[PDB]
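Text of the file target_25.pdb, holding PDB, C-alpha atoms:
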```pdb
ATOM      1  CA  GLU Y 201      65.333  43.104 179.253  1.00  0.00           C
ATOM      2  CA  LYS Y 202      64.947  41.331 175.913  1.00  0.00           C
ATOM      3  CA  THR Y 203      63.315  44.257 174.119  1.00  0.00           C
ATOM      4  CA  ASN Y 204      66.623  46.036 174.700  1.00  0.00           C
ATOM      5  CA  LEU Y 205      68.150  43.885 171.963  1.00  0.00           C
ATOM      6  CA  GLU Y 206      65.664  45.454 169.553  1.00  0.00           C
ATOM      7  CA  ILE Y 207      66.595  48.850 170.989  1.00  0.00           C
ATOM      8  CA  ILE Y 208      70.162  48.214 169.833  1.00  0.00           C
ATOM      9  CA  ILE Y 209      69.126  47.116 166.343  1.00  0.00           C
ATOM     10  CA  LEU Y 210      66.519  49.883 166.268  1.00  0.00           C
ATOM     11  CA  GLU Y 211      68.664  52.658 167.733  1.00  0.00           C
ATOM     12  CA  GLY Y 212      71.440  51.807 165.280  1.00  0.00           C
ATOM     13  CA  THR Y 213      69.247  51.037 162.273  1.00  0.00           C
ATOM     14  CA  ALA Y 214      67.391  54.222 163.201  1.00  0.00           C
ATOM     15  CA  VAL Y 215      70.316  56.645 163.052  1.00  0.00           C
ATOM     16  CA  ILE Y 216      71.794  54.378 160.380  1.00  0.00           C
ATOM     17  CA  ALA Y 217      68.901  54.165 157.922  1.00  0.00           C
ATOM     18  CA  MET Y 218      68.526  57.899 158.525  1.00  0.00           C
ATOM     19  CA  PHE Y 219      72.085  58.838 157.577  1.00  0.00           C
ATOM     20  CA  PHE Y 220      71.734  56.614 154.514  1.00  0.00           C
ATOM     21  CA  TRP Y 221      68.657  58.601 153.502  1.00  0.00           C
ATOM     22  CA  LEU Y 222      69.915  62.070 154.417  1.00  0.00           C
ATOM     23  CA  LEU Y 223      72.961  60.957 152.432  1.00  0.00           C
ATOM     24  CA  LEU Y 224      71.303  60.169 149.102  1.00  0.00           C
ATOM     25  CA  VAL Y 225      69.121  63.192 149.851  1.00  0.00           C
ATOM     26  CA  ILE Y 226      72.024  65.641 150.040  1.00  0.00           C
ATOM     27  CA  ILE Y 227      73.548  64.048 146.941  1.00  0.00           C
ATOM     28  CA  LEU Y 228      70.338  64.290 144.915  1.00  0.00           C
ATOM     29  CA  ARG Y 229      69.929  67.870 146.129  1.00  0.00           C
ATOM     30  CA  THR Y 230      73.591  68.675 145.512  1.00  0.00           C
ATOM     31  CA  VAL Y 231      73.224  67.384 141.956  1.00  0.00           C
ATOM     32  CA  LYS Y 232      69.900  69.015 141.093  1.00  0.00           C
ATOM     33  CA  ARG Y 233      71.494  72.180 142.467  1.00  0.00           C
ATOM     34  CA  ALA Y 234      74.394  71.801 140.038  1.00  0.00           C
ATOM     35  CA  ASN Y 235      72.537  71.584 136.729  1.00  0.00           C
ATOM     36  CA  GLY Y 236      72.541  75.384 136.623  1.00  0.00           C
ATOM     37  CA  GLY Y 237      75.325  77.726 135.524  1.00  0.00           C
TER      38      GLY Y 237
ATOM     39  CA  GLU E   1      49.677  47.532 172.631  1.00  0.00           C
ATOM     40  CA  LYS E   2      52.651  46.714 174.852  1.00  0.00           C
ATOM     41  CA  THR E   3      55.278  47.180 172.147  1.00  0.00           C
ATOM     42  CA  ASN E   4      54.154  50.810 172.142  1.00  0.00           C
ATOM     43  CA  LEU E   5      56.006  51.287 175.427  1.00  0.00           C
ATOM     44  CA  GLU E   6      59.207  50.402 173.575  1.00  0.00           C
ATOM     45  CA  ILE E   7      58.146  52.810 170.830  1.00  0.00           C
ATOM     46  CA  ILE E   8      58.201  55.587 173.428  1.00  0.00           C
ATOM     47  CA  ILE E   9      61.617  54.616 174.791  1.00  0.00           C
ATOM     48  CA  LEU E  10      62.822  53.958 171.244  1.00  0.00           C
ATOM     49  CA  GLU E  11      61.310  57.034 169.601  1.00  0.00           C
ATOM     50  CA  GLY E  12      62.771  59.217 172.347  1.00  0.00           C
ATOM     51  CA  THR E  13      66.086  57.401 172.737  1.00  0.00           C
ATOM     52  CA  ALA E  14      66.207  57.453 168.939  1.00  0.00           C
ATOM     53  CA  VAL E  15      65.967  61.212 168.418  1.00  0.00           C
ATOM     54  CA  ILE E  16      67.750  61.584 171.756  1.00  0.00           C
ATOM     55  CA  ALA E  17      70.815  59.405 171.194  1.00  0.00           C
ATOM     56  CA  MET E  18      70.953  61.030 167.760  1.00  0.00           C
ATOM     57  CA  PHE E  19      71.056  64.628 168.976  1.00  0.00           C
ATOM     58  CA  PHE E  20      73.510  63.561 171.676  1.00  0.00           C
ATOM     59  CA  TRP E  21      75.814  62.267 168.942  1.00  0.00           C
ATOM     60  CA  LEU E  22      75.394  65.124 166.470  1.00  0.00           C
ATOM     61  CA  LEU E  23      75.940  67.264 169.565  1.00  0.00           C
ATOM     62  CA  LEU E  24      79.321  65.934 170.687  1.00  0.00           C
ATOM     63  CA  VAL E  25      80.115  65.800 166.971  1.00  0.00           C
ATOM     64  CA  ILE E  26      79.548  69.512 166.368  1.00  0.00           C
ATOM     65  CA  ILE E  27      81.344  70.319 169.622  1.00  0.00           C
ATOM     66  CA  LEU E  28      84.388  68.213 168.748  1.00  0.00           C
ATOM     67  CA  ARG E  29      84.420  69.854 165.318  1.00  0.00           C
ATOM     68  CA  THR E  30      83.834  73.317 166.769  1.00  0.00           C
ATOM     69  CA  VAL E  31      86.760  72.771 169.132  1.00  0.00           C
ATOM     70  CA  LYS E  32      89.216  71.245 166.665  1.00  0.00           C
ATOM     71  CA  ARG E  33      88.288  74.193 164.452  1.00  0.00           C
ATOM     72  CA  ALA E  34      89.239  76.606 167.231  1.00  0.00           C
ATOM     73  CA  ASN E  35      92.803  75.498 167.955  1.00  0.00           C
ATOM     74  CA  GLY E  36      93.952  77.799 165.157  1.00  0.00           C
ATOM     75  CA  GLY E  37      94.521  81.554 165.250  1.00  0.00           C
TER      76      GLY E  37
ATOM     77  CA  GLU M 101      60.801  37.818 163.177  1.00  0.00           C
ATOM     78  CA  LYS M 102      57.782  39.549 164.706  1.00  0.00           C
ATOM     79  CA  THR M 103      59.749  42.353 166.353  1.00  0.00           C
ATOM     80  CA  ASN M 104      60.638  43.374 162.802  1.00  0.00           C
ATOM     81  CA  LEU M 105      57.103  44.718 162.409  1.00  0.00           C
ATOM     82  CA  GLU M 106      57.878  47.153 165.222  1.00  0.00           C
ATOM     83  CA  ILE M 107      61.157  47.951 163.469  1.00  0.00           C
ATOM     84  CA  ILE M 108      59.119  49.138 160.485  1.00  0.00           C
ATOM     85  CA  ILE M 109      56.768  51.262 162.588  1.00  0.00           C
ATOM     86  CA  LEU M 110      59.717  52.396 164.704  1.00  0.00           C
ATOM     87  CA  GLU M 111      62.177  53.029 161.876  1.00  0.00           C
ATOM     88  CA  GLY M 112      59.532  55.036 160.028  1.00  0.00           C
ATOM     89  CA  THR M 113      57.992  56.759 163.044  1.00  0.00           C
ATOM     90  CA  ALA M 114      61.581  57.414 164.111  1.00  0.00           C
ATOM     91  CA  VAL M 115      62.747  59.313 161.031  1.00  0.00           C
ATOM     92  CA  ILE M 116      59.163  60.530 160.673  1.00  0.00           C
ATOM     93  CA  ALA M 117      58.537  61.985 164.129  1.00  0.00           C
ATOM     94  CA  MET M 118      62.031  63.448 163.809  1.00  0.00           C
ATOM     95  CA  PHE M 119      61.430  65.301 160.546  1.00  0.00           C
ATOM     96  CA  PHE M 120      58.086  66.454 161.941  1.00  0.00           C
ATOM     97  CA  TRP M 121      59.949  68.079 164.827  1.00  0.00           C
ATOM     98  CA  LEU M 122      62.905  69.470 162.885  1.00  0.00           C
ATOM     99  CA  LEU M 123      60.178  70.679 160.528  1.00  0.00           C
ATOM    100  CA  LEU M 124      58.184  72.836 162.941  1.00  0.00           C
ATOM    101  CA  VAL M 125      61.589  73.839 164.303  1.00  0.00           C
ATOM    102  CA  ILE M 126      62.906  75.196 161.003  1.00  0.00           C
ATOM    103  CA  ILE M 127      59.536  76.831 160.338  1.00  0.00           C
ATOM    104  CA  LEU M 128      59.474  78.605 163.701  1.00  0.00           C
ATOM    105  CA  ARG M 129      63.054  79.723 163.078  1.00  0.00           C
ATOM    106  CA  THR M 130      62.322  80.679 159.473  1.00  0.00           C
ATOM    107  CA  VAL M 131      59.403  82.791 160.683  1.00  0.00           C
ATOM    108  CA  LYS M 132      61.094  84.482 163.638  1.00  0.00           C
ATOM    109  CA  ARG M 133      63.886  85.221 161.168  1.00  0.00           C
ATOM    110  CA  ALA M 134      61.406  86.914 158.834  1.00  0.00           C
ATOM    111  CA  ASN M 135      59.883  89.502 161.163  1.00  0.00           C
ATOM    112  CA  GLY M 136      62.763  91.815 160.270  1.00  0.00           C
ATOM    113  CA  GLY M 137      63.166  94.032 157.209  1.00  0.00           C
TER     114      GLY M 137
END
```
Translate this structure into C-alpha cells?
Amino acid sequence: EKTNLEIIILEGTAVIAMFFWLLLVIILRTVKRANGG
Amino acid sequence: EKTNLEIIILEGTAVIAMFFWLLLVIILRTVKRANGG
Amino acid sequence: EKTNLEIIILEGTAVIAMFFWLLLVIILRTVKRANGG
C-alpha cells in the first residue's frame, strides 16, 4: 500500500527521466545530423 | 529481496503505462490527422 | 530516503530493460525487412 507512493514517483520519474533523455538524444542527433551539407 | 517484487510491478507498469500512453497518443494524433480530406 | 536506492535501480533498469526490448525489436524488424532484394 505504501510502496505505491514510490510507484507514482517511479512511474512518473520513469517516463519523465526517459523523455528528458530521449529529448537531449534527439537534439544531439538532430544537430550532429545537420553539420553536413 | 522484497523490493524486487515492486521492481516487477514497476518495471512492467513502467514500460506498460508508457506504451499505453504513447499508444493513445499516436491514436489521437492518427485520428486528428484523419479528419481532413 | 532508502526507497531512493530502488529508484536508481528502477529508473535505470526501467529505461534499460526498455531499450533492451525496443532494441531486439528494431533488430528483428530490421532483419525481416532485409530478406528482400
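Fitted onto chain E by least squares over the complete set of C-alpha atoms, chain Y shows an RMSD of 0.6 Å.
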At most 7 Å is the cut-off: for each residue in chain E with any atom that close to an atom of chain M, write down the nearest atom pair and the distance in Å rounded to one decimal, counting all atoms listed in the file, chain first then increasing number, as JSON lines.
```
{"residue": "E:7", "atom": "CA", "partner": "M:110", "partner_atom": "CA", "distance": 6.3}
{"residue": "E:11", "atom": "CA", "partner": "M:114", "partner_atom": "CA", "distance": 5.5}
{"residue": "E:14", "atom": "CA", "partner": "M:114", "partner_atom": "CA", "distance": 6.7}
{"residue": "E:15", "atom": "CA", "partner": "M:118", "partner_atom": "CA", "distance": 6.5}
```
Distance CA of residue 123 (chain M)-CA of residue 222 (chain Y), one decimal place?
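Those two atoms sit 14.4 Å apart.
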What separation in Å, quoted to one decimal, exists between CA of residue 205 (chain Y) and CA of residue 104 (chain M)?
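For CA of residue 205 (chain Y) relative to CA of residue 104 (chain M), the distance reads 11.9 Å.
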One-decimal distance in Å that lies between CA of residue 230 (chain Y) and CA of residue 25 (chain E)
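Here the two named atoms are 22.6 Å from each other.
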